[PDB]
Structures are given as structure tokens and as C-alpha cells.
Amino acid sequence: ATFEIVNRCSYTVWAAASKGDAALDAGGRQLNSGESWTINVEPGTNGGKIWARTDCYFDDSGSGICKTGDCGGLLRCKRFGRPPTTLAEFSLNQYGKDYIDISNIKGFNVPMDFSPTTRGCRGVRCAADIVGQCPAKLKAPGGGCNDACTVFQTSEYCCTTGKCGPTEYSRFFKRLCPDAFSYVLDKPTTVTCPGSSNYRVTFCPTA
């Protein structure tokens, strides 16, 4: 499937795409304001994520570090990144359908729109100024707004053991972006699309 990744932000971002134990396509790439990157994602991919990384630097070797979403110091991501990271999540060709969603379960760093470029389903977007309204305890020193589990690391926040409900910190994300998961047990905000759809992930959407 084709995923078009577009950086409409005023700042540069380093896009990343991985399935957890491998890169998707080249796995990562710098994206100056205005640039786009078209990747190919194998059908059948389950558990894929796309995210943006901010404030990175790398050497000629592709080794370095990012302030948000670092994936083990690499430019070309093989694994998932460190929070806070707004996430575009997808599982494709699962019994004939594609399932997509945006999650704030690992915090938020950059606003995002995740929409199909094919017919048959709606997109999801989280573009409120979450960073700007982020509760004091959640603010990431490197920028971004952490989720509460990352910060507090307690069952109440992590759902370490099934039982968990919303908290004031989850509700904060939820209020600002109702279409994105705000906690593990949040009521699903996943969109079902026809199998083999194509998508566009835009950072800092304007519409």
C-alpha cells in the first residue's frame, strides 16, 4: 500500500515508520517544511506505526539523537520511538479490512492528520495545541507532552493490570482530541477502511 507522508509544519521533522521489529520502507527520513515522502508498505502489515521526530541530529553514518521519538539513535528506524510521540497506527489486510487510528497513548509531539487517499472511510486527526495546554507534570523537557504512564509509571496510569479507567490526565488528551486513543482501555476510536486502501499522514495539517 502507498503511504504519502507530508510535513506541513514550519519546522523540520524526521519521519519514522516501523513495525516494531523492522523498518517499513527506508524506516526514516528527514523532512523539511513542505517535503513529502512516499513509502510502500507491504500488504498484510500488522501493527505498523508512523510518527514524527523533532530536534534530531545525525552523523554521516545515520547515527545520532532526537528530542522526541528517538528510535535507538538511528536515522533509519527499525524499532518504535521514545515518547512523547503522536502516533499513526495501522494494521492492513486483516480479514479484508484495514484498521487505522491515531493514538496519544505515548504522548503527543506533533499534530497529525491520518486519512485515506482512497474511497470508503473517514480520516482521523489530532491537531489541537496539546503541547501548548499540556499539564505541568506532563510537559517533556525535550518538548512535547508526555502521557501519564510514562511520567508516573503506576498501574492506575499504565493499566499494568487490566483494570483502569480514565484519569484527569487521559481526559485532558481526550478532550482535546476525541478521535485519538487517550489510554489503553479507552473506547476504540479505530476506523475501518476497505482492505488495500492508500493513505496520507500529514504533520501539522491545516485542513
# chains A, B, ... in the order shown; residues from 1 in each chain; ligands from 1
>>> residues_around(residues="residue 126 (chain A)", least_positions_apart="2", cutoff="7 Å", atoms="only C-alpha atoms", output="PDB file with N, CA, C and O atoms, in the first residue's frame")
ATOM      1  N   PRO A 111       1.178  17.649  15.713  1.00  0.00           N
ATOM      2  CA  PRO A 111      -0.190  17.491  15.290  1.00  0.00           C
ATOM      3  C   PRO A 111      -0.198  16.665  14.035  1.00  0.00           C
ATOM      4  O   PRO A 111       0.771  16.711  13.268  1.00  0.00           O
ATOM      5  N   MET A 112      -1.276  15.889  13.844  1.00  0.00           N
ATOM      6  CA  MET A 112      -1.306  14.986  12.729  1.00  0.00           C
ATOM      7  C   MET A 112      -2.687  14.711  12.200  1.00  0.00           C
ATOM      8  O   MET A 112      -3.651  14.613  12.976  1.00  0.00           O
ATOM      9  N   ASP A 113      -2.743  14.522  10.855  1.00  0.00           N
ATOM     10  CA  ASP A 113      -3.976  14.060  10.218  1.00  0.00           C
ATOM     11  C   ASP A 113      -3.636  12.731   9.555  1.00  0.00           C
ATOM     12  O   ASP A 113      -2.579  12.674   8.905  1.00  0.00           O
ATOM     13  N   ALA A 128      -5.177  19.676  17.885  1.00  0.00           N
ATOM     14  CA  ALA A 128      -5.288  20.727  18.906  1.00  0.00           C
ATOM     15  C   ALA A 128      -3.863  21.061  19.432  1.00  0.00           C
ATOM     16  O   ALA A 128      -2.932  20.259  19.274  1.00  0.00           O
ATOM     17  N   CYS A 177      -8.477  15.874  21.762  1.00  0.00           N
ATOM     18  CA  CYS A 177      -8.560  15.099  20.539  1.00  0.00           C
ATOM     19  C   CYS A 177      -9.377  13.881  20.805  1.00  0.00           C
ATOM     20  O   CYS A 177      -8.971  12.786  21.199  1.00  0.00           O
ATOM     21  N   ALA A 180      -8.695  10.317  19.137  1.00  0.00           N
ATOM     22  CA  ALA A 180      -7.485   9.575  19.346  1.00  0.00           C
ATOM     23  C   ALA A 180      -7.569   8.813  20.658  1.00  0.00           C
ATOM     24  O   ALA A 180      -8.189   9.310  21.629  1.00  0.00           O
TER      25      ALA A 180
END
>>> closest_atom_pairs(of="region 64-127 of chain A", to="region 187-195 of chain A", cutoff="9 Å", atoms="only C-alpha atoms", output="JSON lines")
{"residue": "A:92", "atom": "CA", "partner": "A:195", "partner_atom": "CA", "distance": 6.5}
{"residue": "A:93", "atom": "CA", "partner": "A:195", "partner_atom": "CA", "distance": 4.9}
{"residue": "A:94", "atom": "CA", "partner": "A:195", "partner_atom": "CA", "distance": 7.4}
{"residue": "A:95", "atom": "CA", "partner": "A:195", "partner_atom": "CA", "distance": 8.1}
{"residue": "A:96", "atom": "CA", "partner": "A:195", "partner_atom": "CA", "distance": 4.9}
{"residue": "A:97", "atom": "CA", "partner": "A:195", "partner_atom": "CA", "distance": 3.9}
{"residue": "A:98", "atom": "CA", "partner": "A:195", "partner_atom": "CA", "distance": 4.8}
{"residue": "A:99", "atom": "CA", "partner": "A:192", "partner_atom": "CA", "distance": 4.8}
{"residue": "A:100", "atom": "CA", "partner": "A:191", "partner_atom": "CA", "distance": 5.3}
{"residue": "A:101", "atom": "CA", "partner": "A:190", "partner_atom": "CA", "distance": 4.7}
{"residue": "A:102", "atom": "CA", "partner": "A:190", "partner_atom": "CA", "distance": 7.8}
{"residue": "A:103", "atom": "CA", "partner": "A:189", "partner_atom": "CA", "distance": 8.8}
{"residue": "A:116", "atom": "CA", "partner": "A:193", "partner_atom": "CA", "distance": 8.0}
{"residue": "A:118", "atom": "CA", "partner": "A:194", "partner_atom": "CA", "distance": 9.0}
{"residue": "A:119", "atom": "CA", "partner": "A:194", "partner_atom": "CA", "distance": 8.1}
{"residue": "A:120", "atom": "CA", "partner": "A:193", "partner_atom": "CA", "distance": 6.3}
{"residue": "A:121", "atom": "CA", "partner": "A:193", "partner_atom": "CA", "distance": 5.2}
{"residue": "A:122", "atom": "CA", "partner": "A:191", "partner_atom": "CA", "distance": 7.1}
{"residue": "A:123", "atom": "CA", "partner": "A:191", "partner_atom": "CA", "distance": 7.6}
{"residue": "A:124", "atom": "CA", "partner": "A:191", "partner_atom": "CA", "distance": 7.9}
>>> closest_residue(among="A:30, A:85, A:196, A:109", to="residue 42 (chain A)", atoms="only C-alpha atoms")
A:196
>>> select_by_dssp(residues="region 73-202 of chain A", states="strand (DSSP E)", output="number ranges by chain")
A: 87-94, 97-103, 112-116, 124-126, 180-181, 191-194, 199-202
>>> closest_residue(among="A:20, A:132, A:205, A:72", to="residue 7 (chain A)", atoms="only C-alpha atoms")
A:205
>>> residues_around(residues="residue 35 (chain A)", least_positions_apart="2", cutoff="9 Å", atoms="only C-alpha atoms", output="PDB file with C-alpha atoms, in the first residue's frame")
ATOM      1  CA  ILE A   5       3.948  11.285   4.466  1.00  0.00           C
ATOM      2  CA  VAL A   6       3.743  15.094   4.318  1.00  0.00           C
ATOM      3  CA  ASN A   7       5.419  17.647   6.568  1.00  0.00           C
ATOM      4  CA  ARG A   8       3.319  20.803   6.593  1.00  0.00           C
ATOM      5  CA  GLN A  30      14.365  13.975   7.123  1.00  0.00           C
ATOM      6  CA  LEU A  31      11.501  16.087   6.040  1.00  0.00           C
ATOM      7  CA  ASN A  32      11.934  19.868   5.711  1.00  0.00           C
ATOM      8  CA  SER A  33       8.995  22.028   5.876  1.00  0.00           C
ATOM      9  CA  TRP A  37       7.869  11.078   1.376  1.00  0.00           C
TER      10      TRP A  37
END
>>> residues_around(residues="residue 57 (chain A)", least_positions_apart="3", cutoff="10 Å", atoms="only C-alpha atoms", output="list in words")
residues 14, 54, 62, 63, 64, 65, 66, 67, 73, 74 and 75 of chain A
>>> residues_around(residues="residue 147 (chain A)", least_positions_apart="5", cutoff="12 Å", atoms="only C-alpha atoms", output="count of residues only")
38
>>> closest_residue(among="A:58, A:41, A:3, A:77", to="residue 18 (chain A)", atoms="only C-alpha atoms")
A:77
>>> select_by_dssp(residues="region 5-150 of chain A", states="helix (DSSP H, G or I)", output="PDB file with C-alpha atoms, in the first residue's frame")
ATOM      1  CA  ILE A 130      -1.804  19.874  23.092  1.00  0.00           C
ATOM      2  CA  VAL A 131       1.775  20.907  23.697  1.00  0.00           C
ATOM      3  CA  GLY A 132       0.628  24.399  24.488  1.00  0.00           C
ATOM      4  CA  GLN A 133      -2.015  23.188  27.020  1.00  0.00           C
ATOM      5  CA  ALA A 136       2.600  20.916  34.126  1.00  0.00           C
ATOM      6  CA  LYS A 137       3.587  17.466  35.230  1.00  0.00           C
ATOM      7  CA  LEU A 138       3.282  16.151  31.692  1.00  0.00           C
ATOM      8  CA  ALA A 148       0.791   9.868  32.280  1.00  0.00           C
ATOM      9  CA  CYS A 149       2.053   6.322  32.302  1.00  0.00           C
ATOM     10  CA  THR A 150       5.447   7.450  31.023  1.00  0.00           C
TER      11      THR A 150
END
>>> atom_distance(atom1="CA of residue 110 (chain A)", atom2="CA of residue 60 (chain A)")
26.0 Å
>>> closest_residue(among="A:202, A:197, A:12, A:40", to="residue 127 (chain A)", atoms="only C-alpha atoms")
A:202
>>> closest_residue(among="A:39, A:56, A:71, A:164", to="residue 21 (chain A)", atoms="only C-alpha atoms")
A:71
>>> closest_residue(among="A:198, A:68, A:36, A:61", to="residue 114 (chain A)", atoms="only C-alpha atoms")
A:198
>>> residues_around(residues="residue 16 (chain A)", least_positions_apart="4", cutoff="6 Å", atoms="only C-alpha atoms", output="PDB file with N, CA, C and O atoms, in the first residue's frame")
ATOM      1  N   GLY A  27      12.504   3.305   6.652  1.00  0.00           N
ATOM      2  CA  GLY A  27      12.440   3.422   8.131  1.00  0.00           C
ATOM      3  C   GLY A  27      12.481   4.842   8.697  1.00  0.00           C
ATOM      4  O   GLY A  27      11.947   5.108   9.820  1.00  0.00           O
ATOM      5  N   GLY A  28      13.110   5.766   7.957  1.00  0.00           N
ATOM      6  CA  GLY A  28      13.149   7.128   8.447  1.00  0.00           C
ATOM      7  C   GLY A  28      13.707   8.053   7.401  1.00  0.00           C
ATOM      8  O   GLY A  28      14.440   7.636   6.485  1.00  0.00           O
ATOM      9  N   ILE A  50       3.588   5.128  12.248  1.00  0.00           N
ATOM     10  CA  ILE A  50       4.317   6.211  11.635  1.00  0.00           C
ATOM     11  C   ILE A  50       4.358   7.372  12.655  1.00  0.00           C
ATOM     12  O   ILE A  50       3.348   7.682  13.326  1.00  0.00           O
ATOM     13  N   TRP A  51       5.510   8.029  12.816  1.00  0.00           N
ATOM     14  CA  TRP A  51       5.487   9.125  13.751  1.00  0.00           C
ATOM     15  C   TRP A  51       6.464  10.128  13.290  1.00  0.00           C
ATOM     16  O   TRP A  51       7.291   9.803  12.373  1.00  0.00           O
ATOM     17  N   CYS A  77      14.685   4.234  11.279  1.00  0.00           N
ATOM     18  CA  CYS A  77      14.118   3.431  12.399  1.00  0.00           C
ATOM     19  C   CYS A  77      13.827   1.974  12.168  1.00  0.00           C
ATOM     20  O   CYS A  77      13.163   1.655  11.195  1.00  0.00           O
TER      21      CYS A  77
END
